[PDB]
Amino acid sequence: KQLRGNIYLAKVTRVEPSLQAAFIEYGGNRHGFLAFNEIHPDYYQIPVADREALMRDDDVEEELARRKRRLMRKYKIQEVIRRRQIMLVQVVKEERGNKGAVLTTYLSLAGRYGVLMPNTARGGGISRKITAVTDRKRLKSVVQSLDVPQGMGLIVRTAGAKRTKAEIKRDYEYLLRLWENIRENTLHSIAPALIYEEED
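X-ray crystallography is the method the PDB entry lists for this structure, together with a resolution of 2.10 Å.

With the PDB entry as reference, the protein is termed Ribonuclease E, source organism Caulobacter crescentus.

The following block contains the structure:
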């Protein structure tokens, strides 16, 4: 049983200020590892008017890179995360023997033609196999019209380059509903619970 891609509702078992990491009970054989920089600010224990002065930011992936680097300079994990806290976590790397799974709170949900990041203010854009100029200008126009919310991203994968006008809107819409489903499952779940299973 490979677990990569699965999403669990999970609980902080201990916070390790030397590693700037938290260890996570998510239902597996060993605790998962969650580096501080993989922890979405929604999970910070900070006043609501700090978490806002911070969502609005104080290869355009650098703007997001600088963003995370801002947080890591500004807080230490033990200032903002505590034992027993609950979070949604996704498996990034499989548990290998005695070593527990590597986790993130920056989720991604992969559809046929694209990947939704319901957690990453990244706006939506195109795979690095972005090559043939025609598709890339066309697709940028396509992902442009999607009106990707707020603090989400959508990345068009290569399966979508040679893809329908609206085969991509459908696929995107399916992922938005699946994100809704996930958030709804979490309100009816406790502690460690599998919330979404990486389908294929």
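Following the structure, the description resumes.
The next thing to look at is the overall build of the protein. In terms of helices and strands, the protein carries five helices and ten strands. For a compact globule of 200 residues, the expected C-alpha radius of gyration is about 16 Å, and the protein comes in at 18 Å, within 12% of that figure. Along the three orthogonal principal directions, the C-alpha set of the protein runs to about 50 × 40 × 30 Å.

Here the focus is the pairing of strand β4 (residues 86-93). With five bridges joining them, strand β1 (residues 7-16) and β4 adopt antiparallel strand pairing. Residue pairing across strands places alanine 10 opposite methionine 87, the latter belonging to β4.

Our focus in this paragraph is the sheet that holds strand β6 (residues 109-110). Strand order in the open sheet formed by four strands is β6-β7-β9-β8, and the pairing between neighbours is mixed. Of all strands in the sheet, those bounded by a partner on one side alone are β6 and β8 (125-126). Pairing of β6 with strand β7 (residues 114-117), which is carried by two bridges, proceeds in the antiparallel orientation. Residue pairing for β7: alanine 110 is matched across the bridge by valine 115. Docked against the sheet, helix α5 (residues 167-187) engages β6, β7 and β9 (153-156), running at close to 35 degrees with respect to β7.

Our focus in this paragraph is the side chain of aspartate 171. Of note, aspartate 171 is situated in helix α5. Looking at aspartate 171, its side chain comes within polar contact range of the main-chain nitrogen of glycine 114, at 3.3 Å. For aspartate 171, the residues in contact, after removing those within four places along its chain, are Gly111, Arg112, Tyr113 and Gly114.

Relative to strand β10 (residues 193-196), β1 is paired through three bridges, and the arrangement is antiparallel. The residue of β10 that forms the bridge with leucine 9 is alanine 193. Relative to strand β2 (residues 21-25), β1 is paired through five bridges, and the arrangement is antiparallel. If you follow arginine 14 over to β2, its bridge partner there is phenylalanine 23.

This paragraph deals with the domain arrangement of the protein. With domains assigned, the protein is organised as domain 1 (1-106) and domain 2 (107-200). Measuring from the centre of the C-alpha atoms in domain 1 to the corresponding centre in domain 2 gives 21 Å. At four residues, the largest contribution of residues to the side of domain 1 that touches domain 2 is made by β1. A per-class count over the side of domain 1 that touches domain 2 returns eight nonpolar, eight polar and two charged.

Further remarks concern the environment of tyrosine 196. Of note, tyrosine 196 is situated in strand β10. For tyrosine 196, the residues in contact, after removing those within four places along its chain, are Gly5, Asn6, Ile7, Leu109, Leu178 and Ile182. For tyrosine 196, the side chain forms a polar contact with the side chain of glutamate 198, separated by 3.4 Å.

The geometry of two aromatic rings is summed up by the distance between their centres and the angle between their planes. When the centroid spacing of 5.7 Å and the interplanar angle of 65 degrees are considered together, the rings of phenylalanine 23 and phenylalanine 33 count as edge-to-face. One end of the pair, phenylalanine 23, is in strand β2; the other, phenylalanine 33, is in strand β3 (residues 32-35), and ten residues separate them in sequence. Aromatic ring contacts, followed pair by pair, group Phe36, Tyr44 and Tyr75 into a single cluster. In this arrangement the basic side chain of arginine 14 is found over the ring face of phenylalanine 23, its NZ or CZ atom lying 4.0 Å from the centre.

Phi at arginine 84 is positive, roughly 75 degrees, even though this residue is not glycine. In this fold, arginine 84 is placed in the loop between α3 (77-80) and β4. Even without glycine at this site, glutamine 150 takes up a positive phi of about 35 degrees. Secondary-structure assignment places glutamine 150 in the loop between α4 (133-145) and β9.

What counts and how
Counting of residues restarts from 1 for each chain and follows the sequence as written, so the numbers need not equal those of the entry; residues with no coordinates are not shown. Side-chain measures here rest on the full set of heavy atoms in the structure, leaving out hydrogens and waters. Residues with missing side-chain atoms are left out of burial classes, side-chain pairs and their counts. To qualify as a helix, a DSSP run of H or I must reach at least 4 residues; to qualify as a strand, a run of E must reach at least 2; elements of each kind are numbered from the N terminus. Note on method: radius of gyration uses C-alpha positions; expected globular size equals 2.2 Å times residues raised to 0.38. In this analysis, strands are considered paired if DSSP registers two or more bridges between them. By definition, residues are in contact when any of their heavy atoms lie within 4.5 Å. Angles here are taken between N-to-C directions and fall from 0 to 180 degrees, while the axes themselves are lines fitted to C-alpha atoms, restricted in helices to the stretch in contact. Each polar contact in these results corresponds to two N or O atoms within 3.5 Å; when the atoms are within protein, one needs to be able to donate a hydrogen and the other to accept it, and residues that are neighboring in sequence are counted only if both atoms are side-chain atoms. In this document the domain limits rely on a domain assignment from an automatic tool or a database. Under the scheme applied here, ten amino acids are nonpolar (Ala, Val, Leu, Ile, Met, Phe, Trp, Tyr, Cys and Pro), four are charged (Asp, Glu, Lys and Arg), and all others, including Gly, are polar. Any pair of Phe, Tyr and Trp rings, taking the six-membered ring for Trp, is counted once the centres come within 6.5 Å. Such a pair is stacked with planes under 30 degrees apart, edge-to-face with planes over 60 apart, and tilted for the rest. Our definition puts a charge over a ring when NZ of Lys or CZ of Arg is within 6 Å of the ring centre and also within 35 degrees of the ring normal.

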